[PDB]
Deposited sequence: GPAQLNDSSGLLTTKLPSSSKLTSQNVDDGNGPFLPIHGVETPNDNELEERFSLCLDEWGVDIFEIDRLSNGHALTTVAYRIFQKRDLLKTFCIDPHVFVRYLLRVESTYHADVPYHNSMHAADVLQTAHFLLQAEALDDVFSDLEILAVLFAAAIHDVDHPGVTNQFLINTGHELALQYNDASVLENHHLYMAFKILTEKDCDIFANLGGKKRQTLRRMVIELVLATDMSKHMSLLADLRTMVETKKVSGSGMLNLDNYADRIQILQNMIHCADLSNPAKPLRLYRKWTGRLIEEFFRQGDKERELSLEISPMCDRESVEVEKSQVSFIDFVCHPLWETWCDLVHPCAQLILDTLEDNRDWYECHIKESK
């Protein structure tokens, strides 16, 4: 069993970086992926899970863990610039980080921590590099199949759970039936919370909660839904170099989508037009209307355990306002 779960060409350099970076906000996942040779998701997940004793706690065989994580990782599409396994690993680590706020100390069961971190790692698996709305305007097969509701998010979940079915990949094989049913329902609810069409409702829920303690599932689970959705939308609150990197990729993906939407004669989807999308304006607008309202609330929830996040978010917002 190697130190990082799967063998890499740079075990000592990755170990140094993991020991300094895994509990920090602002991890260079791109470099982890280069040093691990395509294995940021696999190595990040493995070491998060050991650090939180989750393999021991849930009797997960560490070989079975690595084998499953390698399958999921190779199910993300390398040739998709943003929605690949690097994005998954970033989301995973940012979720791991979010959980450590003092204000949330001693609150979540282990099973709930297991759920949210598993969700993060799988939440974009097999993404094809187009949006839900594009699936729906082309009448793509998955859009028809899911009746327009959460088309990708549903697909991500389906793929993740079909992989658990493969010979010697069943990482939850040693939970009881009751813990496996409650785990499955939690994972479903969590990855579904990554669907943008839920953003308004989850955030009204979080605002309501802050405007008041939590030992009802109902509240905890609403906090974990907001949390994974925060991690997913963390990029603009990351150090600027990392924000810009993630952004260049997202836009390259969107623009590529705009070309199939242009080279099939349709109403080019939003921010997807190479010709006349204002990239710096487009980010300022995403912050003001989407990302800032979310992070402000989250940060209000965990007062003051996440002040840095809200500070960098505000700086990158101003930086872009200037470079338009």
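Comparing the deposited sequence with the modelled residues, the stretches lacking C-alpha coordinates are 1 to 34, 247 to 255, 368 to 371.
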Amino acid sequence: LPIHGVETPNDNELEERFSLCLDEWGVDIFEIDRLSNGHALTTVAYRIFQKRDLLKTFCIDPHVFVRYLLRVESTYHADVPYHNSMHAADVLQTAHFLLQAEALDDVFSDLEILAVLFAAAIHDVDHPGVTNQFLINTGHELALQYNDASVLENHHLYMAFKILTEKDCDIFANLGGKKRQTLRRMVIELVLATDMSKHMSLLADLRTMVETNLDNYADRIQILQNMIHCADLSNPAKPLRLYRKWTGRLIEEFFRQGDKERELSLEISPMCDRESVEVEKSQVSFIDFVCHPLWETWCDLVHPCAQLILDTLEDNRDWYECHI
From here on, numbers count along this sequence of modelled residues.
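Between 110 to 118 and 134 to 142, the higher mean Cα B-factor belongs to 134 to 142. As the entry records it, the average C-alpha temperature factor is higher for 253 to 261, out of 253 to 261 and 289 to 297. Of all the options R207, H229, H127, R241, the entry's greatest CA B-factor is assigned to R207. Reading the B-factor column for the CA atoms of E153, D90, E211, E189 in the entry, the top value corresponds to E211.
The deposited CA B-factor of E267 belongs to the highest third of values across its chain. Per-chain ranking of the deposited C-alpha B factor places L104 in the highest third. Split the chain's modelled residues into thirds by C-alpha temperature factor. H123 is in the lowest one. Ranked by C-alpha B-factor against the other modelled residues of its chain, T94 falls in the lowest third.
Among all modelled residues in this chain, the alpha-carbon of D168 has a temperature factor (C-alpha) in the middle third.
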